[PDB]
Amino acid sequence: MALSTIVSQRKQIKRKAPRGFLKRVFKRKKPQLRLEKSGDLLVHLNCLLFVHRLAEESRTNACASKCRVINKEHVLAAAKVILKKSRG
Amino acid sequence: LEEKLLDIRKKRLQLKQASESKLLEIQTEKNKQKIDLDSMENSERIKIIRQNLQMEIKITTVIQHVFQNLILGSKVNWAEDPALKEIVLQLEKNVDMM
Amino acid sequence: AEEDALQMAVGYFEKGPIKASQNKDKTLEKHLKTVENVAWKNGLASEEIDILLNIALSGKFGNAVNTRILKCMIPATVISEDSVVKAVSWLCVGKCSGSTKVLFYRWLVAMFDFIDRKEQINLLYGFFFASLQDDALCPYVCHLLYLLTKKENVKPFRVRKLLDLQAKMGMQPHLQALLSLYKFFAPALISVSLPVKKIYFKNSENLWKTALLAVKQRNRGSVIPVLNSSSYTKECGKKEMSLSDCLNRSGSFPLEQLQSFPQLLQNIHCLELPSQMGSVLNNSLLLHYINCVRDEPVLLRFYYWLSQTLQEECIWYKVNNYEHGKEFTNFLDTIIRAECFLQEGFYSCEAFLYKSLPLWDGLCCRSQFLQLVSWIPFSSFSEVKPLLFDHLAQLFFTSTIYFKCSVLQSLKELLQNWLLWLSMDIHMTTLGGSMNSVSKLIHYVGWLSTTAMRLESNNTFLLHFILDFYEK
Amino acid sequence: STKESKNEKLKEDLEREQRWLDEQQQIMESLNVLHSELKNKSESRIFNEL
Amino acid sequence: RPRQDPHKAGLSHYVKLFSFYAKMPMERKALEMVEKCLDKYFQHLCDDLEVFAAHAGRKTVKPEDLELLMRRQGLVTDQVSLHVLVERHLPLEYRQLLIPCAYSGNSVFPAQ
């Protein structure tokens, strides 16, 4: 397999969430706030549904152009629609 | 060497001949015992009672597994109580063997 | 001495920790060190095994403490079965943390054989199955469930749970092993095709591996089908269970359980036959069964399989394949070794010889082909003469001297086999008719020998074989 | 040379056939005992167990 | 001799999970701009959380603020609640802290 193209992951990694990473990123951007102890988990849930949306939309664009490999112009087009939809 | 081999082979073939007939008679006797029991097919009671078996077994199976999961979810130490302990061991055992 | 120190440490743990006593922590260290020294030197007896495990999973001593007891836990004696039952019940409480739970399952998998009785362990299959939900313990529980699984444990609702877990996590290697074991017991529920055998469960060196060496010292001081259970189209669509099954009457012996001769002795009369009958060829225990059966459907199944296989694999016959070369020789050796046992020849081999003898050149597979001739059933000489001996004689007179010696050897063995089978019959065609056939065979080989001596100009190497025949 | 080869094969065959004879004797004893035990060993009774 | 940016460590988790859902071979150049998408989402996500909390008059962020956002996102509707979404997508250990269940004498955790 070439370095440039990565094959689809057959097995998903353990469903454990990076709780420490979410706390720091939320901390640096808005230092003044304090987040509840379980609020980190719900943010992780919100991020999953975003990535799930992004993967579906990218696949449709690649199939529409009759391409077997997801390309950068396919996913950037996916980003514009999902990012606006993801904000409410 | 040949004088020894001949005797060994002769005894082996005698054993084979005897064993074949003995096993055949055992098999035919066992097969005869099986077939007549199946053909009872009494209609006055047998089909009436068998359908009861089909329903009491299914109900008991469901209660067994529901009771098992409730004990797990209650987060209690069942081994401490001897009365509850012997119930737990019996849940996995099949009712058909009973 | 050492035992008294060990006893005081054991009672010290049962007393419980004291918050304000820092000195007892040092007393704990020397007490816990003494247990480690006893464990490494000789291990722990069965009685105190049940003691500390209840304490270790209890969790009043903290994760930092309870962790290192499990590492030093060594079974000097066999582990009591009731000890494990109590331990599992403490896991249901949930006081112990994740680190303690992981260690317990690793320990029990490693120490599985040392439990004296495994009957009551199998009754707790349900509780171990529920731990599959948590991702932390999933690989270790899969290993444990691999050993405990039996036919009664596989149930349809548990089958659905495993498939659901596979959707969420994907192609986990430890799940693929467990699913295959489930398919083997209930092929009517699951269908798995697995690529090819890599080791699914990682064989990492466990913490007690070095100690096991001390414990082991203490204890010390394809052309042929594969074997598979009878085809699962048996029963298949059934309105209801049989009356005999309803009364739990007798049954059959599963093929997987048959692995030792004493097991064969008990259950010779009732057995489960393979799906494909050609798999009996290299299984010694099933050869003892077919030594005395003489049943017709099994004979027909074996006949068709073996005849088709021989026809397809032969070298000078039916498309003249030369690539197999060695494979055909190995197959023929297996067949010969199988019919030396059973003291008779197969029906497929006779047909193969009668079909392929005219096209044979006399050198390709000389040893095995000529060893198949010896196992030809007794029959009138006039009938089989045009089929076999007319070709053998034409090949005989125009070949080298070693071919002549080979055929003399094979005919001597054939005569011995015919005589061996004839002698037992008189203990039980008329006898006068039977002796005529063997006398004609003897006269035929005498004619062969005289002409062969004339052709070879009185070579003594041939005369030795000629006299070897008349010795018998 | 041929005679030496023949003698070696004869000895090997001898040991193998001896092993086979031993196993077959055990099987014959088992069959005899089993047939003896089986030889030593209706609607009203059947309805009772149900 | 590896050195990893801690920021890239967090994003690498969701990037691998992206390739699982895609079910297609995906070019390497597509990887890094997905990382570009993620940080933008996090930045805009935090900004929205300010206003909803600020509107309620409390600076602390409580879960019902996250529920209100996802309802506007269309993820949460009348039929599909917040509890239903947690059940489908999260493991058991995360489920216990989030969804309350009564057990062992009507004790409920977390209290609701």
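Residues numbered from 1 in each chain as written, not as in the entry; some residues may be left out. Chains lettered and ligands numbered in written order. Part of a larger assembly, values for the part shown. Heavy atoms only, no water. Residues with missing side-chain atoms left out of burial classes, pairs and counts.

- If you check the header, you'll see the entry was determined by cryo-EM and the resolution is listed as 12 Å.

Considerations on the overall build of chain D
Okay, so step 1: The helix and strand inventory of chain D stands at two helices and zero strands.
Okay, so step 2: Since a compact globule built from 50 residues should have a radius of gyration of about 10 Å, the 24 Å found for chain D marks it as more spread out than a globular shape.
Okay, so step 3: Expressed as lengths along the three principal axes of its C-alpha atoms, the size of chain D is roughly 80 × 20 × 10 Å. (Helix = DSSP H or I, 4+ residues; strand = E, 2+ residues; numbered from the N terminus. Rg over C-alpha atoms; globule rule 2.2 N^0.38 Å.)

Let's talk about the interface of chain E and chain A
Okay, so step 1: Counting residues at the interface gives 57 residues for chain E, matched by 60 residues for chain A.
Okay, so step 2: Interface area lost by chain E to chain A is led by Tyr14(E), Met24(E) and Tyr41(E), which between them contribute 11%.
Okay, so step 3: For the pair chain E and chain A, the interface holds two salt bridges.
Okay, so step 4: We note a salt bridge from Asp48(E) to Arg87(A), for which the minimum N-O separation is 3.8 Å.
Okay, so step 5: Linking chain E with chain A are 15 residue pairs in polar contact, by the criterion used here.
Okay, so step 6: Breaking the side of chain E that touches chain A down by element, the ones donating at least two residues are α1 (6–22), β1 (26–27), α2 (28–56), α3 (63–73), α4 (82–89) and α5 (92–98) of chain E.
Okay, so step 7: Looking at the side of chain E that touches chain A, the element that brings in the most residues is α2(E), giving 19 residues.
Okay, so step 8: A per-class count over the side of chain E that touches chain A returns 35 nonpolar, ten polar and twelve charged.
Okay, so step 9: One ladder, built from two bridges, connects strand β1 (residues 5–6) of chain A with β1(E); its direction is antiparallel. Directly across from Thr5(A), in β1(E), lies its bridge partner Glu27(E). (Contact = heavy atoms within 4.5 Å. Buried area = accessible area lost by both parts, 1.4 Å probe. Salt bridge = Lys/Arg side-chain N within 4 Å of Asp/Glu carboxyl O. Polar contact = N/O pair within 3.5 Å; in protein donor to acceptor, adjacent residues only side chain to side chain. Nonpolar A, V, L, I, M, F, W, Y, C, P; charged D, E, K, R; others polar. Pairing = 2+ DSSP bridges.)

Remarks on the packing of helix α1 (residues 19–29) of chain A against α1(E)
Okay, so step 1: Running from N to C, α1(A) and α1(E) cross one another at 120°; their axes reach a closest spacing of 10 Å. With respect to α1(E), the axis of α1(A) lies oblique. Here α1(A) and α1(E) pass one another in a crossing that is left-handed. Together, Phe21(A), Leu22(A), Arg24(A) and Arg28(A) of α1(A) and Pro6(E), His7(E), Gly10(E), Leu11(E) and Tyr14(E) of α1(E) make up the contact between the two elements. (Axes fitted to C-alpha atoms, helices over the stretch in contact; angles between N-to-C directions. Parallel < 35°, antiparallel > 145°, perpendicular 65-115°, else oblique. Left-handed = near helix turned anticlockwise from the far one by under 90°.)

So, empty space enclosed by the protein
Okay, so step 1: Each pocket or cavity is described by its volume, and for the largest cavity that value is around 220 Å³.
Okay, so step 2: Within the residue set of the lining of the largest cavity, elements represented by two or more residues are α1 (2–15), α2 (23–41), α3 (46–58) and α4 (62–72) of chain C.
Okay, so step 3: Counting residues per element, the lining of the largest cavity draws most heavily on α3(C), which supplies five residues.
Okay, so step 4: Around the second largest cavity, the lining residues are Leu22(A), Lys23(A), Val25(A), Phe26(A), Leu35(A), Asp40(A), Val43(A), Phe42(E), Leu45(E), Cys46(E) and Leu49(E).
Okay, so step 5: Contributions of two or more residues to the lining of the second largest cavity are made by α1 and α2 (39–64) of chain A together with α2 of chain E.
Okay, so step 6: When grouped by side-chain class, the residues that make up the lining of the second largest cavity number nine nonpolar, no polar and two charged. (1 Å grid on protein atoms, 1.4 Å probe; cavity = no way out; pocket = protein on both sides within 12 Å on 5 of 7 lines; lining within 4 Å. Points joined across faces, edges and corners; volume = space filled by probe spheres on them.)

Side note on the state of the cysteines
Okay, so step 1: Tallied over the full model, the rule gives zero disulfides over all chains.
Okay, so step 2: Not part of a disulfide, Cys67(A) finds its nearest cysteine sulfur in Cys63(A), a span of 9.2 Å.
Okay, so step 3: Left without a disulfide partner, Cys96(C) is nearest to the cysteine sulfur of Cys92(C), which lies 10.0 Å away. (Disulfide = S-S within 2.5 Å.)

Topic: the packing of aromatic side chains
Okay, so step 1: One pass over the full model with this rule turns up 33 aromatic pairs over all chains.
Okay, so step 2: Arranged with centres 5.8 Å apart and planes meeting at 80°, the rings of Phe104(C) and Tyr105(C) form a pair that is edge-to-face. Judged on exposure class, the residue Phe104(C) and its partner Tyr105(C) are both buried.
Okay, so step 3: Centre to centre, the rings of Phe104(C) and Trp107(C) are 6.0 Å apart; their planes meet at 65°, and the pair counts as edge-to-face. With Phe104(C) and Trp107(C) both in helix α6 (residues 98–110) and three residues apart, the pair spans about one turn of that helix.
Okay, so step 4: For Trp107(C), a relative accessible area of 3% gives the class buried.
Okay, so step 5: Ring pairing ties together the aromatic residues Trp316(C), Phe328(C), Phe352(C), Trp360(C), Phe369(C) and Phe403(C), which thus form one cluster.
Okay, so step 6: When the ring centre of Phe47(D) is taken as reference, the NZ or CZ atom of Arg45(B) above it lies at 4.7 Å.
Okay, so step 7: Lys23(E) extends its terminal NZ or CZ atom over the ring of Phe20(E), reaching a point 5.2 Å from the ring centre. (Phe/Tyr/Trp six-rings, centres within 6.5 Å; stacked < 30°, edge-to-face > 60°. Buried < 20%, exposed > 50% of the residue type's maximum accessible area, 1.4 Å probe, protein only. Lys NZ or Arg CZ within 6 Å of the ring centre and 35° of its normal.)

Focus on unusual backbone geometry
Okay, so step 1: Omega for the bond connecting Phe109(E) with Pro110(E) falls within 30 degrees of zero, at -5°, which places this linkage in the cis form.
Okay, so step 2: Relative to the elements of secondary structure, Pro110(E) occurs in the segment after β3 (107–109).
Okay, so step 3: Even without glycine at this site, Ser250(C) takes up a positive phi of about 55°.
Okay, so step 4: Accessibility expressed as a relative area gives 80% for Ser250(C), which makes it exposed.
Okay, so step 5: Although it is not a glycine, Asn320(C) adopts a positive phi angle of roughly 45°.

What about the nonpolar core?
Okay, so step 1: Grouped together as the largest cluster of nonpolar side chains are 77 residues, with contacts concentrated most on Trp78(B), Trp107(C) and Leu132(C).
Okay, so step 2: If you tally residues by element for this core, the top one is helix α5 (residues 81–93) of chain C, at eight residues.
Okay, so step 3: Apart from the residues within four sequence positions on either side, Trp107(C) is in contact with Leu53(C), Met73(C), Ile79(C) and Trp208(C).
Okay, so step 4: Core analysis: the second largest hydrophobic core is formed by 66 residues, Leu286(C), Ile315(C), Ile335(C) and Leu414(C) among them. (Core = buried A, V, L, I, M, F, W, Y, C linked by side-chain atoms within 4.5 Å.)

Some words on the arrangement of the chains
Okay, so step 1: Sorting the seven pairs of chains in contact by contact count puts chains A and E at the top.
Okay, so step 2: Chain A shows no contact with chain D. Their nearest C-alpha atoms sit 52 Å apart.
Okay, so step 3: Chain D makes no contact with chain E; the smallest distance between any of their C-alpha atoms is 42 Å.

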